[PDB]
Amino acid sequence: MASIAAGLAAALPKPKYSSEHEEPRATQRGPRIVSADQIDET
Amino acid sequence: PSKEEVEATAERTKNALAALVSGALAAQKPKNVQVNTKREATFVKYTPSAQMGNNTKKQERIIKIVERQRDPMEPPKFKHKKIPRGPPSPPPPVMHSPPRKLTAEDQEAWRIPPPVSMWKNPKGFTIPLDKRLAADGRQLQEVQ
Amino acid sequence: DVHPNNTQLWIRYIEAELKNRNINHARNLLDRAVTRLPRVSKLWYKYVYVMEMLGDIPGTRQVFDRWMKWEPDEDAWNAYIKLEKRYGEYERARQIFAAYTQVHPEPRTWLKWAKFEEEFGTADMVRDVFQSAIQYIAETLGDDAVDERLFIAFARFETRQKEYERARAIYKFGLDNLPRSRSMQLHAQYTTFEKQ
Amino acid sequence: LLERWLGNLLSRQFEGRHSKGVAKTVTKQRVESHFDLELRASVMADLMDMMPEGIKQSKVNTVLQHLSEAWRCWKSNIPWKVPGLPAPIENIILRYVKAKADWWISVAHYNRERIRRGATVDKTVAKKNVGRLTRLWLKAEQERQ
Amino acid sequence: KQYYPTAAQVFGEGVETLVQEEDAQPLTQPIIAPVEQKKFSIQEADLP
Amino acid sequence: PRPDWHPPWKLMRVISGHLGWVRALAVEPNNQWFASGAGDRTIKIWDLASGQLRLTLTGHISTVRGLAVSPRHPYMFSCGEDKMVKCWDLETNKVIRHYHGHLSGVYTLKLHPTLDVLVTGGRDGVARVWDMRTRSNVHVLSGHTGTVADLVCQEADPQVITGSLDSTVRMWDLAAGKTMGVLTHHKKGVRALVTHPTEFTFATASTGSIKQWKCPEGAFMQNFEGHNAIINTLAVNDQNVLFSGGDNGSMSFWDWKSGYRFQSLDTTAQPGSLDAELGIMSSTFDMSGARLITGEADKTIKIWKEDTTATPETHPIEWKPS
Amino acid sequence: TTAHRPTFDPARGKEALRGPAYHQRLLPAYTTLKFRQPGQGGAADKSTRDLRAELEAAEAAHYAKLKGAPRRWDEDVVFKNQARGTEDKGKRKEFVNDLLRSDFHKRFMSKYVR
Amino acid sequence: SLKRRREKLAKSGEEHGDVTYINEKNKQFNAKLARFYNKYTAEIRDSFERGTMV
Amino acid sequence: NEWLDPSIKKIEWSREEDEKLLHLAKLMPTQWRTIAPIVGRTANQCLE
C-alpha cells in the first residue's frame, strides 16, 4: 500500500558518491556496549 | 449483572443498611431504659500463644462473657470532645490529558480588571478620579 | 494534605529538603511528586536536573525512561536527546529518536532526526530516515497529505551531498504527487535549485 | 414531652453541647444571606469551570466583586460596562445578576400583596418593600423618559 | 411598546409555543389518586 | 467501530411558565407527566403529551435542584438550595418527610433502583445516603473536596458513583460506605453523570470532555470529544443516544458506542432573554425515549423529537476512520 | 475591616458520631412506606416500542383535539373615534422573559404606585 | 531572588509624579490600576491635566 | 455635577454648538435640563 514510497524509491537514480566505506561522522569513544540483539551480528 | 447476582447484592446491601438503620433508630429515639435484662452468656474458646515468660498450669480457656447490669438511671458517663478532622486517605495520581498549549494572546484574553467600586471601599483607599470614572457608562451613553 | 496537586507547594518542599542536604528525603519527595502529578513537566524537569547535578547519569537516565514511558511533550524528548548528545552515547540518542518519531509522528520530529543523523551519522542513515518519514506520513495521513518540508529538507540534503540528479528527482517527485495549493514553497525552492 | 426535655437537658449536662452538629434551617432571618452564599458559590463554580487550563487563577475573587458592583448598578439603574472585562466573565455576571434581580422582584411582589392585606405587622418588611418599589418605580420612570 | 420579537418569530413555525400560567388541577386533587374503598353497607366477607 | 445511523432531533414544543431557570426534570414511570423544579422555588407537574400545566407545588424556599419520582412508591422526592430534601406523598400532594443534615445547598438526588434508599449530593461536599422510611442518614459518603454536582445509583457495584466540582469521580461500595475507586481523568468540575441502561458502562462530563467508563473496573473506554463548553447534562436513550447539553446553550447528540457526534445544535432563547441567558440547565429523556425534555436558563421547558422524515441517505454518517 | 467576610471554603460534611445514645433527636413519623397499588401504575414495564407508540398516539390525539378535526349631539367634539384597535389586545397571551417588562409587572406597578 | 526582592522594593520606593495614595498597599493598587486602565481613560486623564473638556 | 465633572467643557463655544443650542432652544422652550445632554454642556452653561 506504500505505492508512493515505492514510486519514490524507483524514481531516484543511484548515488554517484559511495558511502558503504564511510565511517559515522562522530567517533564513538570506547568501549562499545551492545545489547543481547547484537550478539550474533558480530 | 444477571438477576441472581443483582438480587444477591441487594440482599447483602439491604442487610448492611438495615443494621445501620437499626443503629440510627436507636440513636434518634432510644428506649427509655437502656437495660437489656435478657442477658445471655457468650462462651469463647481461648487458645493462647506464647507470652511474657512461660506457661504454668493450663493453656486452653473457656470464657463466659455477659453484659454488665448497668444502672437505668445513669446518664452518659463521659463528655464528648471536639477533635479536628483526620487527614484524608492518600490521594491518587492526577491522570490528565496533556496540558493545553496556551499563548500570550490567551493569557491577555483572560485578564480580570481590578474592580473599582462606585459604592464600596473597605480599605479606605484613595483611588484616582480617572479610574473611579472608568466604568461609569452614563457619560459614554448616547443622546439623540 | 490540604493542597495535594499544588506544584508550587511540591517544589517548595523538595527545595526545602534539598537546601539541607537531605538527598534521600528529597528523592523520595520527587518520586512521590511525579507519581502524584505525572503530567506536570516542571516536576519531571526538576527531578532530571537534580539527578544530573548529583552526578548520577544512570539515575538521570532512569528518571527520563519513566518520563518517556508517560509519553510527554516534544520538549521532554528533546531534553533527553540533548542529554545523551552531551555525554556522547549517540546510539542511545538514535534509539530515543526511534521512540520519539513513534510517539510524535509530526514532520518536525522526522526532520530533527534527519538533522541529527546528518551531523552524527552516515548519509545512508539520513536517506533511510527521510524515506521512512515519507513512507510513514503518506501511509497514515494519506499520500497527498505528506508535508512539503520533508521533500524540501531531503532535496536540500541530497544537494549538500552534491548528488545533484537525485535532488532533481526528489524535487520532481514532490512537484508531481502533491496538490498545487501545498507545493508553492516546494515549487519556489525548485526554481531556486534549477536556476542555481 | 417532659421526659424528652429532661433527657435532653441531662444530655447537655453530662455529655456536653454539640455546638454545630446539625445544619440550621434557612429561617426568615437567614434567607437573603443564604441566597448570597449560594449565589456566590454558583458564580465561582462557573468561573472555575469556564477559565481555560493553565491560565493563572490567582485573581478570581475579583469576579465576585464585579458581580457585587454589577448588582448595585442594576439596583440604581446605572449601566454596567467594565472596560477590558472579557465576554465570558461578563456573560456569567449578567446571567446571575438577572437571576438575582428576578428573585428580588418576586419577593417584592409577594411582600406587597402581604402588606396590602395586613398579613404582616413587622416594620422592617414594610420599610424594605417601600425601598424596593421606589427603586422599581424609578427604573420604570427612567425607561419612560 | 413591544421591545422584543414574538415566540413564533423566534422559535419557528413547526414549533408549538405553550404559555401556562394557571393550573389545571386544584391542589386538593391528587396526582396518583388513592384507591378508594367506598363501602356503603355492612356486608359479610364470606358465608356465616 | 462503524457508528449506527440515528435520526436528527428537532424542536417540537416550548413551554413557558416558570419564573426561574428549570434545574430539575423527572418523568413518571408511566410516562404520563413530568416534573420541573425551578429557580422560582417551585415544582410544576406537566402532562407530557399535551404539555399543559397540571399542578404547581411549593415547599422549598430556594431553587429546586433535584427531583425523582419513585417507581415503586407513590412518592416524589425533591432537593433544593435551602438545605432541604423532601418527600411528597402524591396521593395527597403534600410533603410528608424531611431528610435533614446537608450543611449547605443540595445539588442532586437519586433513588436506588432496587431497594428503598435515597442518595443526595451536596455543596457541603458530600453524598448522604438516607433511608426513605426512617429518614435516617445511614451513610455519609465523604472524600470529595468540592461540591458533589451529580450522582448516579446503580443496581450492582459500584452502587453509588459521585462526580464533584473538584474534578474527581468516586465510585462507592454502598454496603460499607467507603470508596472503591477514584477517577481523576477530568480537568475541571464533573457536572454530569449518566448510566447506560443495558450496558454496564457510564459517562461523566466536565467542560469540554465526556469520558466513557466501564463498571466496576472504572476502565477508561472512550472519549466523546468536540463539545468545547461547560457540560451541564447527559442523557442516553435505549437506542444509544448521548445528549450533552451545555451552559452556553450548545447541544450535542452522540452515538453511545462509537462516540460519533451525529448532531450539533444551538438552542434558542425566549423573547426577552439576554444572550447570556442561553444555556441548558437540565435534561432527561422520557421513559419511552421518543422525547427529550430539556430545561433552560431562559426559564423554559423544551421538548425535542426525532425527525421521522430524515433517511440514512439524507443525513449520511460523515465518519472518517483514521 | 475583615471581620465581615465571604466564604471561600464552605463547611464540609462529617460522618455521624459513634457514641452512646441518650439524646433524643427525631421523633418517629410516617414509619410505614406506601407502595404503588395495582391501578396506581408504575409497577408494570411493558417494552420500549409499545411506550413509543402509546406516546405518539397520545400526542396525535392532543393535536387532533387542538385542531378540532374528528343636530347630532356629538358634532362639536374635537376628537372622534380614538378607541379603534385598543380592545384588540388579547390575540395570544405572550410570555416575555423580563420581569421588569412583563405585563404582570406593569399591572402590579400601575395598581400600587398611585 | 533576595536581591531581586530588595531591588523591586527599592525601585517601587522611589516616587515619580503626583501622589494619589495614602499607604503602600494603596500605592500598589493604584499602580496596578494604572497598568490596566491607562489605555481606556486617556481622555479623562487629559481632562484633569487640562482643566476642561474630555 | 455642575462644575467639577471631567466631562464638562469649560472652553469657549464653537459655532456648531451655537447652532445646535439655538435650534434645540427653539424646539423645546425652557426645557433646559433636556437640552443640556443633547448640546453637550450643563444646563446653566447652555442657559447663560
# chains A, B, ... in the order shown; residues from 1 in each chain; ligands from 1
>>> residues_around(residues="residue 47 of chain H", least_positions_apart="2", cutoff="12 Å", atoms="only C-alpha atoms", output="mmCIF file with C-alpha atoms, in the first residue's frame")
data_model
loop_
_atom_site.group_PDB
_atom_site.id
_atom_site.type_symbol
_atom_site.label_atom_id
_atom_site.label_comp_id
_atom_site.auth_asym_id
_atom_site.auth_seq_id
_atom_site.Cartn_x
_atom_site.Cartn_y
_atom_site.Cartn_z
ATOM 1 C CA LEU B 129 -10.632 60.033 39.780
ATOM 2 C CA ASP B 130 -9.768 58.730 36.324
ATOM 3 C CA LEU B 133 -14.961 57.311 36.462
ATOM 4 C CA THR H 41 -9.036 56.524 30.442
ATOM 5 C CA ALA H 42 -6.615 58.696 28.471
ATOM 6 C CA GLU H 43 -9.271 61.310 27.683
ATOM 7 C CA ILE H 44 -10.341 61.718 31.317
ATOM 8 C CA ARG H 45 -6.647 61.854 32.268
ATOM 9 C CA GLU H 49 -4.436 67.636 33.175
ATOM 10 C CA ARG H 50 -6.184 70.368 31.140
ATOM 11 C CA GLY H 51 -8.996 71.660 33.361
ATOM 12 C CA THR H 52 -11.680 71.306 30.668
ATOM 13 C CA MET H 53 -13.367 69.008 28.082
ATOM 14 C CA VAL H 54 -12.502 65.338 27.531
ATOM 15 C CA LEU I 4 -16.103 69.607 38.701
ATOM 16 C CA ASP I 5 -17.248 66.705 36.499
ATOM 17 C CA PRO I 6 -14.436 65.988 33.996
ATOM 18 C CA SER I 7 -16.973 65.724 31.161
ATOM 19 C CA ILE I 8 -17.763 69.442 31.480
ATOM 20 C CA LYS I 9 -16.414 71.587 28.640
ATOM 21 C CA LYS I 10 -15.113 74.888 30.021
ATOM 22 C CA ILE I 11 -13.649 76.150 26.716
#
>>> residues_around(residues="residue 38 of chain G", least_positions_apart="6", cutoff="12 Å", atoms="only C-alpha atoms", output="PyMOL selection string")
(chain E and resi 32-35) or (chain F and resi 72-74) or (chain G and resi 44)
>>> closest_atom_pairs(of="chain H", to="chain D", cutoff="10 Å", atoms="only C-alpha atoms", output="JSON lines")
{"residue": "H:36", "atom": "CA", "partner": "D:84", "partner_atom": "CA", "distance": 8.4}
{"residue": "H:37", "atom": "CA", "partner": "D:83", "partner_atom": "CA", "distance": 8.0}
{"residue": "H:39", "atom": "CA", "partner": "D:83", "partner_atom": "CA", "distance": 9.6}
{"residue": "H:40", "atom": "CA", "partner": "D:83", "partner_atom": "CA", "distance": 7.0}
{"residue": "H:41", "atom": "CA", "partner": "D:83", "partner_atom": "CA", "distance": 9.5}
>>> residues_around(residues="residue 16 of chain A", least_positions_apart="3", cutoff="10 Å", atoms="only C-alpha atoms", output="number ranges by chain")
A: 13, 19; C: 162-166
>>> write_last_selection(atoms="N, CA, C and O atoms", output="short mmCIF file (atom, residue, chain, number, x, y, z; two decimals), in the first residue's frame")
data_model
loop_
_atom_site.label_atom_id
_atom_site.label_comp_id
_atom_site.auth_asym_id
_atom_site.auth_seq_id
_atom_site.Cartn_x
_atom_site.Cartn_y
_atom_site.Cartn_z
N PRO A 13 17.82 7.87 -9.03
CA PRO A 13 18.99 7.18 -9.55
C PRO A 13 19.99 6.88 -8.43
O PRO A 13 19.94 7.48 -7.35
N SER A 19 29.14 5.46 -0.21
CA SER A 19 29.13 5.66 1.23
C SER A 19 29.17 4.35 2.01
O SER A 19 28.99 4.37 3.23
N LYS C 162 25.97 16.81 -2.92
CA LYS C 162 26.29 17.02 -4.33
C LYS C 162 25.80 15.89 -5.22
O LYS C 162 26.36 15.67 -6.30
N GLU C 163 24.78 15.16 -4.80
CA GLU C 163 24.08 14.22 -5.67
C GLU C 163 22.97 15.00 -6.36
O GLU C 163 21.83 15.01 -5.92
N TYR C 164 23.34 15.65 -7.45
CA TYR C 164 22.51 16.72 -8.00
C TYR C 164 21.27 16.14 -8.67
O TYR C 164 20.15 16.65 -8.49
N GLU C 165 21.46 15.06 -9.43
CA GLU C 165 20.36 14.41 -10.13
C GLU C 165 19.37 13.79 -9.17
O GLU C 165 18.16 13.79 -9.44
N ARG C 166 19.86 13.25 -8.05
CA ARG C 166 18.96 12.73 -7.02
C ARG C 166 18.10 13.84 -6.44
O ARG C 166 16.90 13.64 -6.21
#
>>> residues_around(residues="residue 85 of chain B", least_positions_apart="3", cutoff="10 Å", atoms="only C-alpha atoms", output="PDB file with N, CA and C atoms, in the first residue's frame")
ATOM      1  N   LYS B  82     -14.290  17.712  71.069  1.00  0.00           N
ATOM      2  CA  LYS B  82     -14.170  18.360  69.773  1.00  0.00           C
ATOM      3  C   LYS B  82     -12.759  18.117  69.251  1.00  0.00           C
ATOM      4  N   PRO B  88      -6.911  13.018  54.973  1.00  0.00           N
ATOM      5  CA  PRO B  88      -7.603  12.161  54.012  1.00  0.00           C
ATOM      6  C   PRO B  88      -6.795  10.920  53.683  1.00  0.00           C
TER       7      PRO B  88
ATOM      8  N   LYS G  14     -19.618  15.815  57.851  1.00  0.00           N
ATOM      9  CA  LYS G  14     -18.965  14.890  58.754  1.00  0.00           C
ATOM     10  C   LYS G  14     -19.733  13.579  58.797  1.00  0.00           C
TER      11      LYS G  14
END
>>> residues_around(residues="residue 12 of chain A", least_positions_apart="3", cutoff="9 Å", atoms="only C-alpha atoms", output="ChimeraX atom specification")
/A:7-9,15 /C:165-170
>>> write_last_selection(atoms="N, CA and C atoms", output="PDB file, in the first residue's frame")
ATOM      1  N   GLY A   7       7.194   4.337  -5.579  1.00  0.00           N
ATOM      2  CA  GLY A   7       7.434   5.182  -6.735  1.00  0.00           C
ATOM      3  C   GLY A   7       8.576   6.154  -6.514  1.00  0.00           C
ATOM      4  N   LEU A   8       8.693   6.684  -5.293  1.00  0.00           N
ATOM      5  CA  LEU A   8       9.855   7.497  -4.959  1.00  0.00           C
ATOM      6  C   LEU A   8      11.134   6.680  -5.065  1.00  0.00           C
ATOM      7  N   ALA A   9      11.184   5.532  -4.382  1.00  0.00           N
ATOM      8  CA  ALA A   9      12.384   4.699  -4.368  1.00  0.00           C
ATOM      9  C   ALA A   9      12.760   4.191  -5.753  1.00  0.00           C
ATOM     10  N   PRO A  15      23.145   6.881  -6.149  1.00  0.00           N
ATOM     11  CA  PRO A  15      24.083   7.956  -5.811  1.00  0.00           C
ATOM     12  C   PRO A  15      25.480   7.673  -6.336  1.00  0.00           C
TER      13      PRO A  15
ATOM     14  N   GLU C 165      21.460  15.057  -9.425  1.00  0.00           N
ATOM     15  CA  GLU C 165      20.365  14.410 -10.134  1.00  0.00           C
ATOM     16  C   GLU C 165      19.369  13.789  -9.170  1.00  0.00           C
ATOM     17  N   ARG C 166      19.856  13.254  -8.050  1.00  0.00           N
ATOM     18  CA  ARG C 166      18.963  12.733  -7.022  1.00  0.00           C
ATOM     19  C   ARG C 166      18.100  13.838  -6.437  1.00  0.00           C
ATOM     20  N   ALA C 167      18.690  15.012  -6.202  1.00  0.00           N
ATOM     21  CA  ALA C 167      17.920  16.148  -5.709  1.00  0.00           C
ATOM     22  C   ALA C 167      16.881  16.593  -6.726  1.00  0.00           C
ATOM     23  N   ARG C 168      17.237  16.565  -8.012  1.00  0.00           N
ATOM     24  CA  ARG C 168      16.254  16.847  -9.052  1.00  0.00           C
ATOM     25  C   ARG C 168      15.129  15.823  -9.035  1.00  0.00           C
ATOM     26  N   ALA C 169      15.459  14.561  -8.755  1.00  0.00           N
ATOM     27  CA  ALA C 169      14.436  13.523  -8.668  1.00  0.00           C
ATOM     28  C   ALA C 169      13.480  13.768  -7.504  1.00  0.00           C
ATOM     29  N   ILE C 170      14.013  14.141  -6.330  1.00  0.00           N
ATOM     30  CA  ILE C 170      13.153  14.468  -5.186  1.00  0.00           C
ATOM     31  C   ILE C 170      12.248  15.640  -5.518  1.00  0.00           C
TER      32      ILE C 170
END
>>> closest_residue(among="D:74, D:14, D:96, D:80", to="residue 20 of chain F", atoms="only C-alpha atoms")
D:96
>>> residues_around(residues="residue 32 of chain G", least_positions_apart="6", cutoff="12 Å", atoms="only C-alpha atoms", output="list in words")
residues 73, 96, 97, 132, 133, 134 and 135 of chain F
>>> atom_distance(atom1="atom CA of residue 69 of chain D", atom2="atom CA of residue 125 of chain D")
24.5 Å
>>> select_by_dssp(residues="chain H", states="alpha helix (DSSP H)", output="MDAnalysis selection string")
chainID H and resid 2:13 24:37 42:50
>>> write_last_selection(atoms="N, CA and C atoms", output="mmCIF file, in the first residue's frame")
data_model
loop_
_atom_site.group_PDB
_atom_site.id
_atom_site.type_symbol
_atom_site.label_atom_id
_atom_site.label_comp_id
_atom_site.auth_asym_id
_atom_site.auth_seq_id
_atom_site.Cartn_x
_atom_site.Cartn_y
_atom_site.Cartn_z
ATOM 1 N N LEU H 2 16.508 37.055 46.548
ATOM 2 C CA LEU H 2 16.511 38.070 47.601
ATOM 3 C C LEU H 2 16.979 39.421 47.072
ATOM 4 N N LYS H 3 17.983 39.418 46.190
ATOM 5 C CA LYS H 3 18.431 40.661 45.567
ATOM 6 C C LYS H 3 17.345 41.252 44.679
ATOM 7 N N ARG H 4 16.618 40.396 43.957
ATOM 8 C CA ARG H 4 15.501 40.855 43.136
ATOM 9 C C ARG H 4 14.406 41.475 43.994
ATOM 10 N N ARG H 5 14.129 40.869 45.149
ATOM 11 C CA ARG H 5 13.132 41.410 46.068
ATOM 12 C C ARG H 5 13.543 42.782 46.587
ATOM 13 N N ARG H 6 14.800 42.911 47.016
ATOM 14 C CA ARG H 6 15.280 44.190 47.534
ATOM 15 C C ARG H 6 15.306 45.258 46.447
ATOM 16 N N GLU H 7 15.688 44.875 45.229
ATOM 17 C CA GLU H 7 15.719 45.824 44.122
ATOM 18 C C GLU H 7 14.316 46.271 43.734
ATOM 19 N N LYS H 8 13.346 45.353 43.758
ATOM 20 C CA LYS H 8 11.963 45.731 43.477
ATOM 21 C C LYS H 8 11.419 46.665 44.552
ATOM 22 N N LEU H 9 11.733 46.380 45.820
ATOM 23 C CA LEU H 9 11.301 47.247 46.911
ATOM 24 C C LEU H 9 11.912 48.635 46.788
ATOM 25 N N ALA H 10 13.196 48.703 46.430
ATOM 26 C CA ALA H 10 13.855 49.996 46.283
ATOM 27 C C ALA H 10 13.333 50.760 45.072
ATOM 28 N N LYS H 11 13.036 50.053 43.976
ATOM 29 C CA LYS H 11 12.532 50.710 42.775
ATOM 30 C C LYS H 11 11.125 51.253 42.986
ATOM 31 N N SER H 12 10.256 50.480 43.639
ATOM 32 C CA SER H 12 8.920 50.975 43.940
ATOM 33 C C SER H 12 8.919 51.983 45.082
ATOM 34 N N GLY H 13 9.976 52.014 45.896
ATOM 35 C CA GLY H 13 10.067 53.024 46.934
ATOM 36 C C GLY H 13 10.339 54.410 46.391
ATOM 37 N N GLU H 24 1.106 52.117 51.390
ATOM 38 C CA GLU H 24 1.834 51.361 50.380
ATOM 39 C C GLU H 24 0.941 50.388 49.622
ATOM 40 N N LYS H 25 -0.042 49.785 50.295
ATOM 41 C CA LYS H 25 -0.997 48.921 49.606
ATOM 42 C C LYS H 25 -1.833 49.719 48.618
ATOM 43 N N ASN H 26 -2.210 50.936 48.998
ATOM 44 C CA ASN H 26 -2.939 51.820 48.101
ATOM 45 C C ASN H 26 -2.076 52.212 46.909
ATOM 46 N N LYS H 27 -0.778 52.441 47.130
ATOM 47 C CA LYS H 27 0.120 52.762 46.026
ATOM 48 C C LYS H 27 0.251 51.600 45.054
ATOM 49 N N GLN H 28 0.385 50.382 45.574
ATOM 50 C CA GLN H 28 0.479 49.216 44.704
ATOM 51 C C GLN H 28 -0.810 48.995 43.927
ATOM 52 N N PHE H 29 -1.956 49.172 44.588
ATOM 53 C CA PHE H 29 -3.236 49.035 43.904
ATOM 54 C C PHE H 29 -3.421 50.114 42.848
ATOM 55 N N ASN H 30 -2.992 51.343 43.134
ATOM 56 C CA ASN H 30 -3.139 52.416 42.161
ATOM 57 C C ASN H 30 -2.227 52.215 40.961
ATOM 58 N N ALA H 31 -1.027 51.676 41.175
ATOM 59 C CA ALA H 31 -0.156 51.362 40.048
ATOM 60 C C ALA H 31 -0.709 50.209 39.219
ATOM 61 N N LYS H 32 -1.303 49.205 39.870
ATOM 62 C CA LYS H 32 -1.973 48.127 39.143
ATOM 63 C C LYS H 32 -3.150 48.654 38.330
ATOM 64 N N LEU H 33 -3.911 49.575 38.917
ATOM 65 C CA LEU H 33 -4.997 50.240 38.213
ATOM 66 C C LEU H 33 -4.489 51.005 37.008
ATOM 67 N N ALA H 34 -3.368 51.708 37.164
ATOM 68 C CA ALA H 34 -2.771 52.414 36.038
ATOM 69 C C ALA H 34 -2.387 51.442 34.935
ATOM 70 N N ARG H 35 -1.669 50.374 35.300
ATOM 71 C CA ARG H 35 -1.201 49.382 34.338
ATOM 72 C C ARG H 35 -2.346 48.778 33.551
ATOM 73 N N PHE H 36 -3.498 48.592 34.187
ATOM 74 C CA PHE H 36 -4.582 48.009 33.413
ATOM 75 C C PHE H 36 -5.373 49.071 32.646
ATOM 76 N N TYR H 37 -5.670 50.206 33.277
ATOM 77 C CA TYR H 37 -6.704 51.125 32.823
ATOM 78 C C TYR H 37 -6.199 52.401 32.152
ATOM 79 N N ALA H 42 -7.550 57.648 28.868
ATOM 80 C CA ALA H 42 -6.615 58.696 28.471
ATOM 81 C C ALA H 42 -7.307 60.051 28.388
ATOM 82 N N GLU H 43 -8.545 60.065 27.891
ATOM 83 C CA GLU H 43 -9.271 61.310 27.683
ATOM 84 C C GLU H 43 -9.643 61.967 29.005
ATOM 85 N N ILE H 44 -10.062 61.172 29.993
ATOM 86 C CA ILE H 44 -10.341 61.718 31.317
ATOM 87 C C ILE H 44 -9.046 62.181 31.978
ATOM 88 N N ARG H 45 -7.948 61.460 31.735
ATOM 89 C CA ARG H 45 -6.647 61.854 32.268
ATOM 90 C C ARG H 45 -6.246 63.236 31.771
ATOM 91 N N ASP H 46 -6.371 63.471 30.467
ATOM 92 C CA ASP H 46 -6.066 64.798 29.952
ATOM 93 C C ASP H 46 -7.135 65.825 30.300
ATOM 94 N N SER H 47 -8.358 65.392 30.606
ATOM 95 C CA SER H 47 -9.359 66.322 31.114
ATOM 96 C C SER H 47 -8.953 66.875 32.474
ATOM 97 N N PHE H 48 -8.377 66.030 33.328
ATOM 98 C CA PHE H 48 -7.801 66.533 34.576
ATOM 99 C C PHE H 48 -6.534 67.346 34.341
ATOM 100 N N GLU H 49 -5.671 66.903 33.428
ATOM 101 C CA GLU H 49 -4.436 67.636 33.175
ATOM 102 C C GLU H 49 -4.670 68.960 32.462
ATOM 103 N N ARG H 50 -5.865 69.185 31.924
ATOM 104 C CA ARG H 50 -6.184 70.368 31.140
ATOM 105 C C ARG H 50 -7.141 71.323 31.829
#
>>> closest_atom_pairs(of="chain G", to="chain E", cutoff="12 Å", atoms="only C-alpha atoms", output="CSV")
residue,atom,partner,partner_atom,distance
G:34,CA,E:34,CA,10.6
G:35,CA,E:34,CA,10.9
G:36,CA,E:32,CA,9.0
G:37,CA,E:35,CA,7.8
G:38,CA,E:35,CA,9.1
G:39,CA,E:35,CA,7.7
G:40,CA,E:32,CA,6.4
G:41,CA,E:32,CA,8.5
G:42,CA,E:32,CA,10.2
G:63,CA,E:16,CA,10.4
G:66,CA,E:16,CA,11.4
G:91,CA,E:6,CA,11.9
G:92,CA,E:19,CA,9.3
G:93,CA,E:19,CA,7.2
G:94,CA,E:19,CA,6.9
G:95,CA,E:19,CA,6.6
G:96,CA,E:4,CA,7.9
G:97,CA,E:4,CA,9.6
G:98,CA,E:4,CA,10.0
G:100,CA,E:3,CA,11.7
G:101,CA,E:3,CA,8.6
G:102,CA,E:2,CA,10.3
G:103,CA,E:2,CA,10.9
G:104,CA,E:21,CA,11.2
>>> interface_residues(of="chain D", to="chain F", cutoff="12 Å", atoms="only C-alpha atoms", output="ChimeraX atom specification")
/D:20-28,30-39,41-42,44-54,87-107
>>> closest_atom_pairs(of="chain B", to="chain C", cutoff="12 Å", atoms="only C-alpha atoms", output="tab-separated table")
residue	atom	partner	partner_atom	distance
B:85	CA	C:2	CA	11.7
B:86	CA	C:1	CA	10.0
B:87	CA	C:1	CA	6.6
B:88	CA	C:1	CA	6.9
B:89	CA	C:1	CA	9.2
B:90	CA	C:1	CA	8.3
B:91	CA	C:4	CA	7.2
B:92	CA	C:36	CA	6.5
B:93	CA	C:36	CA	4.1
B:94	CA	C:37	CA	5.3
B:95	CA	C:38	CA	7.1
B:96	CA	C:39	CA	6.5
B:97	CA	C:39	CA	7.7
B:98	CA	C:39	CA	6.4
B:99	CA	C:39	CA	7.5
B:100	CA	C:73	CA	10.9
B:101	CA	C:73	CA	10.4
>>> write_last_selection(atoms="C-alpha atoms", output="tab-separated table (two decimals), in the first residue's frame")
chain	number	residue	atom	x	y	z
B	85	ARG	CA	-10.91	16.02	61.24
B	86	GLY	CA	-8.28	13.49	60.30
B	87	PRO	CA	-6.11	13.58	57.21
B	88	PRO	CA	-7.60	12.16	54.01
B	89	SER	CA	-6.81	8.79	52.55
B	90	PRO	CA	-3.79	9.22	50.23
B	91	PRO	CA	-4.74	10.96	47.00
B	92	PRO	CA	-4.47	9.20	43.64
B	93	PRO	CA	-2.32	10.31	40.70
B	94	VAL	CA	-3.70	13.13	38.56
B	95	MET	CA	-4.31	11.35	35.26
B	96	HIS	CA	-4.73	14.33	32.98
B	97	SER	CA	-4.59	14.53	29.21
B	98	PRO	CA	-1.52	16.58	28.15
B	99	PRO	CA	-1.80	20.25	29.08
B	100	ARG	CA	-3.29	22.79	26.71
B	101	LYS	CA	-0.83	24.79	24.63
>>> interface_residues(of="chain B", to="chain I", cutoff="12 Å", atoms="only C-alpha atoms", output="ChimeraX atom specification")
/B:129-130,132-134,136,138-144
>>> residues_around(residues="residue 56 of chain D", least_positions_apart="2", cutoff="12 Å", atoms="only C-alpha atoms", output="PyMOL selection string")
(chain B and resi 102+104+106-112) or (chain D and resi 48+51-54+58-60)
>>> interface_residues(of="chain B", to="chain F", cutoff="10 Å", atoms="only C-alpha atoms", output="ChimeraX atom specification")
/B:1-2,5-25,27-28,88-89,91-97,99
>>> write_last_selection(atoms="C-alpha atoms", output="tab-separated table (two decimals), in the first residue's frame")
chain	number	residue	atom	x	y	z
B	1	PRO	CA	-25.18	-8.33	36.13
B	2	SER	CA	-27.70	-11.13	35.94
B	5	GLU	CA	-26.26	-11.65	41.37
B	6	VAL	CA	-28.20	-8.38	41.36
B	7	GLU	CA	-30.51	-9.99	43.92
B	8	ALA	CA	-27.53	-11.26	45.95
B	9	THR	CA	-26.07	-7.74	46.00
B	10	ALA	CA	-29.50	-6.45	47.02
B	11	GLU	CA	-29.67	-8.85	49.97
B	12	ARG	CA	-26.14	-8.02	51.18
B	13	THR	CA	-26.60	-4.25	50.86
B	14	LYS	CA	-30.05	-4.47	52.47
B	15	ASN	CA	-28.57	-6.38	55.42
B	16	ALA	CA	-25.82	-3.81	56.00
B	17	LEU	CA	-28.10	-0.81	55.54
B	18	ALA	CA	-30.74	-2.37	57.80
B	19	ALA	CA	-28.10	-2.74	60.51
B	20	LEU	CA	-27.23	0.94	60.11
B	21	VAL	CA	-30.96	1.86	60.08
B	22	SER	CA	-31.48	0.00	63.35
B	23	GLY	CA	-28.49	1.68	64.97
B	24	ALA	CA	-29.70	5.08	63.77
B	25	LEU	CA	-33.23	4.44	65.07
B	27	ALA	CA	-29.74	6.81	68.25
B	28	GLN	CA	-32.61	9.13	67.31
B	88	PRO	CA	-7.60	12.16	54.01
B	89	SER	CA	-6.81	8.79	52.55
B	91	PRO	CA	-4.74	10.96	47.00
B	92	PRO	CA	-4.47	9.20	43.64
B	93	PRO	CA	-2.32	10.31	40.70
B	94	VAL	CA	-3.70	13.13	38.56
B	95	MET	CA	-4.31	11.35	35.26
B	96	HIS	CA	-4.73	14.33	32.98
B	97	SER	CA	-4.59	14.53	29.21
B	99	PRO	CA	-1.80	20.25	29.08
